[PDB]
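Data block below; observations after.
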Amino acid sequence: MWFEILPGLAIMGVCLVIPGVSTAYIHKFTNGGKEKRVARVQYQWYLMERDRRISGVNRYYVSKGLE
Amino acid sequence: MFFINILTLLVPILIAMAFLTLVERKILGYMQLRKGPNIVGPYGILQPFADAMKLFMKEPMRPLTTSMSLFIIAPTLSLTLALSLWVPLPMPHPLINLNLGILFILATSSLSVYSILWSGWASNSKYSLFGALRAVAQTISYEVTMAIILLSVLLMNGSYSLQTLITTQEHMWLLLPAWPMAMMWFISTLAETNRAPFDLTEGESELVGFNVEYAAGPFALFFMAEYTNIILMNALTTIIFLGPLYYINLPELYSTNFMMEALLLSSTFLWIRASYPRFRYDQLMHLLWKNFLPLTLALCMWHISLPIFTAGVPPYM
Amino acid sequence: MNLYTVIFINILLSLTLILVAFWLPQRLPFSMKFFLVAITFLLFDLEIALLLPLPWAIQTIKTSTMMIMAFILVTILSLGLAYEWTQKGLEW
Amino acid sequence: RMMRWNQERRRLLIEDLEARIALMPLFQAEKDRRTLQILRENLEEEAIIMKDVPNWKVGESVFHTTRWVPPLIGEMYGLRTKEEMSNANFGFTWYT
Amino acid sequence: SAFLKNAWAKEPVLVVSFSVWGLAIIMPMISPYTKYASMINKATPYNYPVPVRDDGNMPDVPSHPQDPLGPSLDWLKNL
Amino acid sequence: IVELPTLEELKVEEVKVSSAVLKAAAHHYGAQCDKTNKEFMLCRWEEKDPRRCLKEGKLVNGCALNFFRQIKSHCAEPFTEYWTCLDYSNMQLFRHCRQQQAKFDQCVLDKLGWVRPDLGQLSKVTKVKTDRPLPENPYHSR
């Protein structure tokens, strides 16, 4: 019966969600719980870099009004 | 961590490649009143790993008349480009997001036509050269409409970055609009992966050309490449035209639906293969240059006009 | 760099396979049609290029000129196709 | 729907471009302030190394005009941290 | 006309193909929104708007962004 | 020589807050502090030499600093919630956070009275008159 084709599809599927969940949590871990900034245009890289200089060395650390 | 991510994208995809083969050998089976492979392993799950090991062990044969590089470069290039094109894909977050992402996918696909050309010249037997020349032609032709169909899309997306479409398709799939091209993207995706309705690249009844002189490890690498592509192109359909629901709070329902739509459209080309006879070489090009290219070029203009007079010019960025 | 890292793993994975694959085991076909296609292909491929900047050009303040230009390009090439059809070309 | 969605998006495109428009003046004051510092800091080191140099003023515009001239990224960091240099040159392309 | 008919039923792609070619060559000419594209895109502010000195001889320029003077995009709003 | 200004001459306080924070309040900073901002900018453009317009620049940071101190005094909690949600997004897009935005914007219209500038009305060119003489011979043309 067709249901036997499912085992194979399942294994494919599980192996196609891993990548999307993986890439989207190894980003939120490396960037400090905040989505990796996407610097499409320089302004953004500038702002990002500015952030680095503002604190520690990493941009993800984010200083606030209390600074 | 980046490597971890590199591994998370390539290893799973490769495993998915393997099981697609199994799934192709069971869905085609049940459609043809047969169980398909279930005896090796449980329900045939170990079947893809089994022939992989048989293929690598069997002696790779270097024909007396064969280049030894345009022969080994060709499968390496085929696997390298196909696995590479999974690098910049929104799921929803891309591993390496590139501002000109779709141009990367179009360019990387284009390079695979060489592998066919190089393998055909390398074999130095008539069946291989005739097959390669027709093949390169098919692939290249189905690139000209393939590219124009994307340019129509982009102009309604605003950018070349595949990441933008997740924000373009937050209210409706790009199938509703632009369905006429989806179909034409789907048929072109069927040609570029040399799948059935368009499998003349390597017709079996016709020239049993691409892998004629390729056995064991070289056979496998292209082989792997084709199937990974089979997925990738289907996945590009599932981002560009069928936009999976995106919620910024939970990113995986995007990937969960990406999983569901990709599998169904991957299932569709499996279903297409069993259902249709293969087109003639000229019948194939007759479709693209006569039936599709005039439709695509005109609908291309409609997609430069729809934005302007409907005051809908898309926001860059 | 991030891309370079990914790509070299990509080549490495493929070279690894072929290497194991080779290590674990231990004249005149010509039709102008084919050449003609290749040519047409680039004439179309070049046009694809002149059409690729259209996403950035959409945002151009002119707009009228943009479309007037783009429509002329698509129409003149399509006529090229038209004559290709009319002539034996595209009739293999 | 596409017409309405992109019109909404375009309004948003306007709402955030203006947000930087407002933030730019501060950045301009900051950039310049920091830029000059890099030039000057390089002057200190410049003098330190050019003093021994025979009859070589510490620094002189290769261009005789007295107009203010932006320094090349190469001038600003060439003698600074090589890593800093690299970041400026190929940093954005490699992004993050 | 008659061929047109058969053409609609035989070789029914070109017909559609041309039809679109034209409809895209017409809608822009006749539409209540075509004008907006050159405006909506014109308005989008990408490059900083540099302020002019106040000779004090200009009543048109708004002295402050929020002033009741100057350009407005309420046309963009409620579009 | 180069007459590059000295460090002590260019050592002034700055906001030094995460890009997001500036962004979150940007719309109101473009509002409460453009009088001086513009001036610095007009100085900057017409007198191509930044070195010449440095002073105006110190005024810029300062005006903003208090802008922040006032925010710190009132509706600070709101602002804190708005920036944190705004920062999480990768492009720090404004529309993901509108509920948090409404609070702070509403509050500053109760406590500080300041107003969020309507779509536009910040892009429009401004007229600011400055004592600094319209630099003649900018470009130091010969």
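Chain identifiers are assigned as A, B, and so on, following the order in which chains appear in the structure tokens; residues are numbered from 1 within each chain, and ligands are numbered from 1 in order of appearance.
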Worksheet item: Neighbours of residue B:76 within 9 Å (only C-alpha atoms; same-chain residues fewer than 4 positions away dropped), as number ranges by chain?
Response: B: 72, 80-81, 115, 218, 221-222; C: 11, 13-15, 17-18
Item to complete: Using backbone DSSP assignments, extract all helix (DSSP H, G or I) residues from chain F; output them as number ranges by chain.
Response: F: 8-10, 19-32, 35-46, 50-73, 76-88, 99-107, 138-140
Output as a PDB file with C-alpha atoms, in the first residue's frame the set of chain B residues within 7 Å of chain E, with distances taken over only C-alpha atoms.
```pdb
ATOM      1  CA  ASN B 291       5.510  28.333 -27.568  1.00  0.00           C
ATOM      2  CA  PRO B 294       7.127  34.782 -27.108  1.00  0.00           C
ATOM      3  CA  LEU B 295       4.834  34.239 -24.083  1.00  0.00           C
ATOM      4  CA  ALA B 298       5.595  39.658 -23.738  1.00  0.00           C
ATOM      5  CA  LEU B 299       4.705  38.772 -20.119  1.00  0.00           C
ATOM      6  CA  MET B 301       6.965  43.605 -20.678  1.00  0.00           C
ATOM      7  CA  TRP B 302       3.636  43.262 -18.796  1.00  0.00           C
ATOM      8  CA  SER B 305       4.174  47.887 -17.019  1.00  0.00           C
ATOM      9  CA  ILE B 308       4.417  51.616 -13.286  1.00  0.00           C
ATOM     10  CA  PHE B 309       0.743  52.282 -14.192  1.00  0.00           C
ATOM     11  CA  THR B 310      -0.556  50.456 -11.065  1.00  0.00           C
ATOM     12  CA  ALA B 311       1.829  52.801  -9.160  1.00  0.00           C
ATOM     13  CA  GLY B 312       3.233  49.655  -7.536  1.00  0.00           C
ATOM     14  CA  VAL B 313       6.955  50.062  -8.265  1.00  0.00           C
TER      15      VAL B 313
END
```
Fill in: Expected answer as an MDAnalysis selection string: chain A residues within 7 Å of chain B, only C-alpha atoms
chainID A and resid 2 4:5 8:9 12:13 15:17 19:24 26 40
Considering only C-alpha atoms, extract the chain A residues located within 8 Å of chain D and return them as a PDB file with N, CA, C and O atoms, in the first residue's frame.
```
ATOM      1  N   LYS A  36      21.131  37.922  13.123  1.00  0.00           N
ATOM      2  CA  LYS A  36      22.317  38.467  12.503  1.00  0.00           C
ATOM      3  C   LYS A  36      21.942  39.626  11.646  1.00  0.00           C
ATOM      4  O   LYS A  36      21.076  39.517  10.795  1.00  0.00           O
ATOM      5  N   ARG A  37      22.599  40.749  11.855  1.00  0.00           N
ATOM      6  CA  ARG A  37      22.249  41.922  11.106  1.00  0.00           C
ATOM      7  C   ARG A  37      22.564  41.688   9.663  1.00  0.00           C
ATOM      8  O   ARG A  37      23.640  41.208   9.334  1.00  0.00           O
ATOM      9  N   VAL A  38      21.625  42.019   8.793  1.00  0.00           N
ATOM     10  CA  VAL A  38      21.849  41.878   7.376  1.00  0.00           C
ATOM     11  C   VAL A  38      22.294  43.214   6.847  1.00  0.00           C
ATOM     12  O   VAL A  38      21.513  44.153   6.800  1.00  0.00           O
ATOM     13  N   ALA A  39      23.555  43.311   6.455  1.00  0.00           N
ATOM     14  CA  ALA A  39      24.083  44.555   5.948  1.00  0.00           C
ATOM     15  C   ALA A  39      24.058  44.552   4.449  1.00  0.00           C
ATOM     16  O   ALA A  39      25.059  44.262   3.810  1.00  0.00           O
ATOM     17  N   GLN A  42      26.009  49.744   2.646  1.00  0.00           N
ATOM     18  CA  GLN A  42      27.040  50.189   3.581  1.00  0.00           C
ATOM     19  C   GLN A  42      26.495  50.818   4.849  1.00  0.00           C
ATOM     20  O   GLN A  42      26.984  50.538   5.936  1.00  0.00           O
ATOM     21  N   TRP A  45      26.324  48.431   7.339  1.00  0.00           N
ATOM     22  CA  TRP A  45      27.603  47.959   7.820  1.00  0.00           C
ATOM     23  C   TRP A  45      28.191  49.009   8.710  1.00  0.00           C
ATOM     24  O   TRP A  45      28.790  48.697   9.724  1.00  0.00           O
TER      25      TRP A  45
END
```
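Residue-level contacts from chain C to chain D at 12 Å, counting only C-alpha atoms, read residues 1, 2, 3, 4, 5 and 59 of chain C.
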Item to complete: Tell me the residues of chain F close to chain A, meaning within 7 Å using only C-alpha atoms, as a ChimeraX atom specification.
Response: /F:16-19,21,72,88-91
Worksheet entry | Expected answer as a ChimeraX atom specification: chain B residues within 7 Å of chain C, only C-alpha atoms | /B:6,56-60,76,79-80,83-84,96,141,144,148,151,154-155,158-159,217-218,297,301,304,313
What would the file look like if the residues just selected were written as a PDB file, in the first residue's frame with C-alpha atoms?
```
ATOM      1  CA  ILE B   6      27.947  24.349   6.698  1.00  0.00           C
ATOM      2  CA  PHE B  56      31.793   3.200  -5.481  1.00  0.00           C
ATOM      3  CA  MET B  57      33.262  -0.355  -5.227  1.00  0.00           C
ATOM      4  CA  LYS B  58      32.724  -1.262  -8.929  1.00  0.00           C
ATOM      5  CA  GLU B  59      35.766  -0.445 -11.078  1.00  0.00           C
ATOM      6  CA  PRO B  60      35.758   3.051 -12.505  1.00  0.00           C
ATOM      7  CA  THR B  76      33.145  17.057  -9.477  1.00  0.00           C
ATOM      8  CA  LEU B  79      28.126  17.912  -7.572  1.00  0.00           C
ATOM      9  CA  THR B  80      30.043  21.075  -6.598  1.00  0.00           C
ATOM     10  CA  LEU B  83      25.431  21.474  -3.527  1.00  0.00           C
ATOM     11  CA  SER B  84      26.878  25.055  -3.798  1.00  0.00           C
ATOM     12  CA  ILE B  96      25.372  33.221   3.188  1.00  0.00           C
ATOM     13  CA  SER B 141      17.776  27.015 -24.544  1.00  0.00           C
ATOM     14  CA  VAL B 144      17.048  31.825 -21.967  1.00  0.00           C
ATOM     15  CA  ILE B 148      13.580  35.972 -18.471  1.00  0.00           C
ATOM     16  CA  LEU B 151      13.554  38.842 -14.424  1.00  0.00           C
ATOM     17  CA  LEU B 154      12.393  40.179  -9.666  1.00  0.00           C
ATOM     18  CA  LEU B 155      10.770  43.301 -11.076  1.00  0.00           C
ATOM     19  CA  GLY B 158      12.354  44.703  -6.174  1.00  0.00           C
ATOM     20  CA  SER B 159      15.695  43.001  -5.793  1.00  0.00           C
ATOM     21  CA  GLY B 217      32.106   6.826  -8.740  1.00  0.00           C
ATOM     22  CA  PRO B 218      31.767   9.332 -11.630  1.00  0.00           C
ATOM     23  CA  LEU B 297       9.090  38.104 -23.500  1.00  0.00           C
ATOM     24  CA  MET B 301       6.965  43.605 -20.678  1.00  0.00           C
ATOM     25  CA  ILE B 304       7.579  46.273 -16.377  1.00  0.00           C
ATOM     26  CA  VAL B 313       6.955  50.062  -8.265  1.00  0.00           C
TER      27      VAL B 313
END
```
Fill in: Selection: 8 Å around residue B:112, only C-alpha atoms, excl. self and same-chain fewer than 3 positions, as a ChimeraX atom specification
/B:77-78,81,108-109,115-116
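Between chain D and the candidates B:68, B:175, B:149, B:212, the tightest atom-to-atom separation, counting only C-alpha atoms, involves B:175.
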